[PDB]
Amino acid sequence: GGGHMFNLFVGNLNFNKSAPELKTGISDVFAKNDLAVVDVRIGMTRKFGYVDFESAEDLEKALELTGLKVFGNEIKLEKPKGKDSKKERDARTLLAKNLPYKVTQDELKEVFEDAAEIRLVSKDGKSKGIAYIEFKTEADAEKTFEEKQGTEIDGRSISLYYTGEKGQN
């Protein structure tokens, strides 16, 4: 589910400094601005990281800081673009993971009038059924979720479920 603790992406780090040094430097500037983060979590290339906050309130305060300098670099705090991702979507993204075996891409998929992609997933050699059909709806997509209800792909029947964060039990 991507975790539950609120966190922020920090970019433009001085990669010449080690990860422990960057953890201290990022913590100090927030501490100097009267903000107590809980962890820093430098990334692999050390050009970026992910700052953890105890509450959404501390996070929103952090995003409104300006001109933060660590080791000579002006770091930038970004809300990770998961809101632009399927957090808003997947009410307009369906899954029809093929329930049989390998099939053809240009197999006259006439069961969907309006959709932007029905590309399946194939591996080296044989493949199993993974084919999610995209969507272009706004108020959920129930015009297609309840409209398929057991089509007939080659081999056996098929199924249509959710993807992303909508079908997560």
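Each residue number is its position in the shown sequence, starting from 1.
Visitor: 34 to 42 versus 109 to 117: which one carries the higher mean Cα B factor per the record?
Guide: Result: 109 to 117.
Visitor: Comparing 48 to 56 with 97 to 105, which stretch shows the greater average C-alpha B-factor in the deposited entry?
Guide: The stretch with the larger average C-alpha B-factor is 97 to 105.
Visitor: Say you rank 26, 68, 63, 133 by Cα B-factor from the PDB entry; which sits at the top?
Guide: That would be 133, according to the entry.
Visitor: Would you mind ranking residue 155 by its C-alpha B-factor against the rest of the chain and naming the third, lowest, middle or highest?
Guide: Residue 155: CA B-factor falls in the highest third of its chain.
Visitor: Sort the modelled residues of this chain by their C-alpha B factor and say whether residue 169 lands in the lowest, middle or highest third.
Guide: Within its chain, residue 169 is a middle-third residue by C-alpha B-factor, going by the deposited values.
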